[PDB]
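Have a look at the structure below, then the notes.
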Amino acid sequence: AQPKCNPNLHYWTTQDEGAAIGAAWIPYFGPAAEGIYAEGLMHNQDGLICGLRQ
């Protein structure tokens with residue numbers, strides 16, 4: 001399992017939910033603020049994740 005180094009990713013199952021990609025030059029406010037910002041608490045996270053451990 002992971003080494004417990006993820007940010008939040010509590011709104012998206014787990015997969016990179018805005019973990020720097022945007023999948024449409026939109027990682028800026030794509031799945032990070034495409035209505036997500038409404039979270040106004042933390043759901044607007046990114047999703048760094050070490051990937052395994054580093």
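The way I read the labels, and the way they are meant: chains A, B, ... in the order of the structure tokens, residue 1 as the first residue of every chain, and ligand 1 as the first ligand shown, with later ones counted on from there.
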
| said: Quick one: residues within 9 Å of residue A:7, only C-alpha atoms, excluding same-chain residues fewer than 5 positions away - as a VMD selection string? | reply: chain A and resid 45 to 49

Pull N, CA and C atoms from the residues just selected and write them as a PDB file, in the first residue's frame.
```pdb
ATOM      1  N   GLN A  45      -8.306  20.214  -3.628  1.00  0.00           N
ATOM      2  CA  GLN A  45      -6.937  19.700  -3.639  1.00  0.00           C
ATOM      3  C   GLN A  45      -6.460  19.386  -5.057  1.00  0.00           C
ATOM      4  N   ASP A  46      -5.269  18.795  -5.151  1.00  0.00           N
ATOM      5  CA  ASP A  46      -4.689  18.428  -6.438  1.00  0.00           C
ATOM      6  C   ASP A  46      -4.591  16.910  -6.576  1.00  0.00           C
ATOM      7  N   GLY A  47      -3.816  16.283  -5.693  1.00  0.00           N
ATOM      8  CA  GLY A  47      -3.663  14.839  -5.738  1.00  0.00           C
ATOM      9  C   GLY A  47      -2.243  14.403  -6.055  1.00  0.00           C
ATOM     10  N   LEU A  48      -1.264  15.047  -5.422  1.00  0.00           N
ATOM     11  CA  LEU A  48       0.144  14.724  -5.650  1.00  0.00           C
ATOM     12  C   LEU A  48       0.396  13.213  -5.648  1.00  0.00           C
ATOM     13  N   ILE A  49       0.377  12.605  -4.465  1.00  0.00           N
ATOM     14  CA  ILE A  49       0.610  11.171  -4.340  1.00  0.00           C
ATOM     15  C   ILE A  49       2.013  10.800  -4.818  1.00  0.00           C
TER      16      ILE A  49
END
```

| request: Name all residues at most 12 Å from residue A:29 (count only C-alpha atoms; drop same-chain ones fewer than 3 positions away) and give them as a list in words. | output: residues 17, 18, 19, 20, 21, 22, 23, 24, 25, 26, 32, 33, 34, 35, 36, 37, 38, 44, 45 and 46 of chain A

Would you save the residues of that selection, restricted to N, CA and C atoms, as a PDB file, in the first residue's frame?
```pdb
ATOM      1  N   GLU A  17      -7.061  13.015  -9.556  1.00  0.00           N
ATOM      2  CA  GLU A  17      -8.203  13.900  -9.749  1.00  0.00           C
ATOM      3  C   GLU A  17      -7.743  15.347  -9.788  1.00  0.00           C
ATOM      4  N   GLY A  18      -6.871  15.626 -10.739  1.00  0.00           N
ATOM      5  CA  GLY A  18      -6.315  16.952 -10.883  1.00  0.00           C
ATOM      6  C   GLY A  18      -4.860  16.969 -10.465  1.00  0.00           C
ATOM      7  N   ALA A  19      -4.294  15.772 -10.310  1.00  0.00           N
ATOM      8  CA  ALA A  19      -2.906  15.608  -9.902  1.00  0.00           C
ATOM      9  C   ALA A  19      -1.935  16.090 -10.981  1.00  0.00           C
ATOM     10  N   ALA A  20      -2.063  17.355 -11.369  1.00  0.00           N
ATOM     11  CA  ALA A  20      -1.196  17.938 -12.384  1.00  0.00           C
ATOM     12  C   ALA A  20      -1.273  17.165 -13.687  1.00  0.00           C
ATOM     13  N   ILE A  21      -2.271  17.500 -14.485  1.00  0.00           N
ATOM     14  CA  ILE A  21      -2.492  16.852 -15.755  1.00  0.00           C
ATOM     15  C   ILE A  21      -3.598  17.562 -16.526  1.00  0.00           C
ATOM     16  N   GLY A  22      -4.735  17.764 -15.863  1.00  0.00           N
ATOM     17  CA  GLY A  22      -5.858  18.447 -16.481  1.00  0.00           C
ATOM     18  C   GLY A  22      -6.431  17.733 -17.700  1.00  0.00           C
ATOM     19  N   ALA A  23      -5.663  16.816 -18.296  1.00  0.00           N
ATOM     20  CA  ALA A  23      -6.116  16.074 -19.472  1.00  0.00           C
ATOM     21  C   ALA A  23      -6.809  16.989 -20.480  1.00  0.00           C
ATOM     22  N   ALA A  24      -6.344  18.237 -20.555  1.00  0.00           N
ATOM     23  CA  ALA A  24      -6.912  19.229 -21.462  1.00  0.00           C
ATOM     24  C   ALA A  24      -6.422  20.614 -21.074  1.00  0.00           C
ATOM     25  N   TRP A  25      -5.099  20.748 -20.942  1.00  0.00           N
ATOM     26  CA  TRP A  25      -4.470  22.009 -20.542  1.00  0.00           C
ATOM     27  C   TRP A  25      -5.398  22.817 -19.677  1.00  0.00           C
ATOM     28  N   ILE A  26      -6.004  22.126 -18.743  1.00  0.00           N
ATOM     29  CA  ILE A  26      -6.938  22.727 -17.849  1.00  0.00           C
ATOM     30  C   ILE A  26      -6.716  22.235 -16.421  1.00  0.00           C
ATOM     31  N   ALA A  32      -9.848  20.564 -10.706  1.00  0.00           N
ATOM     32  CA  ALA A  32      -9.307  21.174  -9.524  1.00  0.00           C
ATOM     33  C   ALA A  32     -10.176  22.354  -9.147  1.00  0.00           C
ATOM     34  N   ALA A  33     -10.902  22.864 -10.142  1.00  0.00           N
ATOM     35  CA  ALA A  33     -11.781  23.996  -9.921  1.00  0.00           C
ATOM     36  C   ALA A  33     -12.946  24.052 -10.911  1.00  0.00           C
ATOM     37  N   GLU A  34     -13.203  22.960 -11.631  1.00  0.00           N
ATOM     38  CA  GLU A  34     -14.330  22.926 -12.565  1.00  0.00           C
ATOM     39  C   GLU A  34     -15.613  22.792 -11.764  1.00  0.00           C
ATOM     40  N   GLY A  35     -15.849  23.773 -10.913  1.00  0.00           N
ATOM     41  CA  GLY A  35     -16.995  23.737 -10.033  1.00  0.00           C
ATOM     42  C   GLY A  35     -16.604  23.121  -8.702  1.00  0.00           C
ATOM     43  N   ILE A  36     -15.373  22.603  -8.658  1.00  0.00           N
ATOM     44  CA  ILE A  36     -14.819  21.976  -7.474  1.00  0.00           C
ATOM     45  C   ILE A  36     -14.561  23.006  -6.373  1.00  0.00           C
ATOM     46  N   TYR A  37     -14.000  24.153  -6.761  1.00  0.00           N
ATOM     47  CA  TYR A  37     -13.689  25.224  -5.813  1.00  0.00           C
ATOM     48  C   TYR A  37     -14.828  25.451  -4.825  1.00  0.00           C
ATOM     49  N   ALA A  38     -16.054  25.154  -5.253  1.00  0.00           N
ATOM     50  CA  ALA A  38     -17.225  25.309  -4.394  1.00  0.00           C
ATOM     51  C   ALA A  38     -17.026  24.594  -3.060  1.00  0.00           C
ATOM     52  N   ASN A  44     -10.818  21.038  -3.136  1.00  0.00           N
ATOM     53  CA  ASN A  44     -10.155  21.666  -4.279  1.00  0.00           C
ATOM     54  C   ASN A  44      -8.690  21.232  -4.395  1.00  0.00           C
ATOM     55  N   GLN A  45      -8.306  20.214  -3.628  1.00  0.00           N
ATOM     56  CA  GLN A  45      -6.937  19.700  -3.639  1.00  0.00           C
ATOM     57  C   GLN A  45      -6.460  19.386  -5.057  1.00  0.00           C
ATOM     58  N   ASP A  46      -5.269  18.795  -5.151  1.00  0.00           N
ATOM     59  CA  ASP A  46      -4.689  18.428  -6.438  1.00  0.00           C
ATOM     60  C   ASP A  46      -4.591  16.910  -6.576  1.00  0.00           C
TER      61      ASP A  46
END
```

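All residues of protein, DNA or RNA that reach within 12 Å of residue A:51, judged by only C-alpha atoms and not counting those fewer than 3 positions away in the chain, are residues 1, 2, 3, 4, 5, 6, 14, 15, 16, 19, 47, 48 and 54 of chain A.
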
Generate the output file for the selected residues, N, CA and C atoms, as an mmCIF file, in the first residue's frame.
```cif
data_model
loop_
_atom_site.group_PDB
_atom_site.id
_atom_site.type_symbol
_atom_site.label_atom_id
_atom_site.label_comp_id
_atom_site.auth_asym_id
_atom_site.auth_seq_id
_atom_site.Cartn_x
_atom_site.Cartn_y
_atom_site.Cartn_z
ATOM 1 N N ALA A 1 0.842 -1.225 0.000
ATOM 2 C CA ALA A 1 0.000 0.000 0.000
ATOM 3 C C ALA A 1 0.864 1.257 0.000
ATOM 4 N N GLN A 2 0.237 2.402 -0.253
ATOM 5 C CA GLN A 2 0.950 3.673 -0.281
ATOM 6 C C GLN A 2 1.606 3.960 1.066
ATOM 7 N N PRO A 3 2.512 4.951 1.116
ATOM 8 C CA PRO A 3 3.212 5.332 2.327
ATOM 9 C C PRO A 3 2.536 6.497 3.038
ATOM 10 N N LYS A 4 1.252 6.680 2.757
ATOM 11 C CA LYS A 4 0.478 7.752 3.364
ATOM 12 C C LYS A 4 1.146 9.107 3.141
ATOM 13 N N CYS A 5 1.154 9.560 1.892
ATOM 14 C CA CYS A 5 1.760 10.843 1.550
ATOM 15 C C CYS A 5 0.889 11.619 0.564
ATOM 16 N N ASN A 6 -0.391 11.264 0.494
ATOM 17 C CA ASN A 6 -1.321 11.936 -0.405
ATOM 18 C C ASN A 6 -1.892 13.188 0.256
ATOM 19 N N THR A 14 -9.795 7.999 -6.134
ATOM 20 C CA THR A 14 -8.377 7.942 -5.784
ATOM 21 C C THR A 14 -7.501 8.437 -6.932
ATOM 22 N N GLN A 15 -7.788 7.949 -8.138
ATOM 23 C CA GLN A 15 -7.022 8.317 -9.326
ATOM 24 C C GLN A 15 -6.720 9.808 -9.366
ATOM 25 N N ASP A 16 -5.664 10.163 -10.088
ATOM 26 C CA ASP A 16 -5.252 11.554 -10.222
ATOM 27 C C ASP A 16 -6.435 12.449 -10.579
ATOM 28 N N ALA A 19 -4.294 15.772 -10.310
ATOM 29 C CA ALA A 19 -2.906 15.608 -9.902
ATOM 30 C C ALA A 19 -1.935 16.090 -10.981
ATOM 31 N N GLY A 47 -3.816 16.283 -5.693
ATOM 32 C CA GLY A 47 -3.663 14.839 -5.738
ATOM 33 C C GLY A 47 -2.243 14.403 -6.055
ATOM 34 N N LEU A 48 -1.264 15.047 -5.422
ATOM 35 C CA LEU A 48 0.144 14.724 -5.650
ATOM 36 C C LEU A 48 0.396 13.213 -5.648
ATOM 37 N N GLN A 54 8.720 7.712 -1.970
ATOM 38 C CA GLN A 54 9.905 8.391 -2.460
ATOM 39 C C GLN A 54 10.572 9.203 -1.356
#
```

Every residue of chain A that DSSP places in helix (DSSP H, G or I), as a tab-separated table (two decimals) with N, CA and C atoms, in the first residue's frame:
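For reference, selection34.tsv as written:
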```tsv
chain	number	residue	atom	x	y	z
A	30	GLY	N	-9.31	22.83	-14.02
A	30	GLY	CA	-10.09	21.73	-14.57
A	30	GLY	C	-10.73	20.90	-13.48
A	31	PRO	N	-10.19	19.71	-13.18
A	31	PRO	CA	-10.71	18.84	-12.12
A	31	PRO	C	-10.16	19.28	-10.78
A	32	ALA	N	-9.85	20.56	-10.71
A	32	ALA	CA	-9.31	21.17	-9.52
A	32	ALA	C	-10.18	22.35	-9.15
A	33	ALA	N	-10.90	22.86	-10.14
A	33	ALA	CA	-11.78	24.00	-9.92
A	33	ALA	C	-12.95	24.05	-10.91
A	36	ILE	N	-15.37	22.60	-8.66
A	36	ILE	CA	-14.82	21.98	-7.47
A	36	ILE	C	-14.56	23.01	-6.37
A	37	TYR	N	-14.00	24.15	-6.76
A	37	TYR	CA	-13.69	25.22	-5.81
A	37	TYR	C	-14.83	25.45	-4.82
A	38	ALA	N	-16.05	25.15	-5.25
A	38	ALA	CA	-17.23	25.31	-4.39
A	38	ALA	C	-17.03	24.59	-3.06
A	39	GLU	N	-16.06	23.68	-3.03
A	39	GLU	CA	-15.74	22.92	-1.84
A	39	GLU	C	-15.46	23.87	-0.69
```
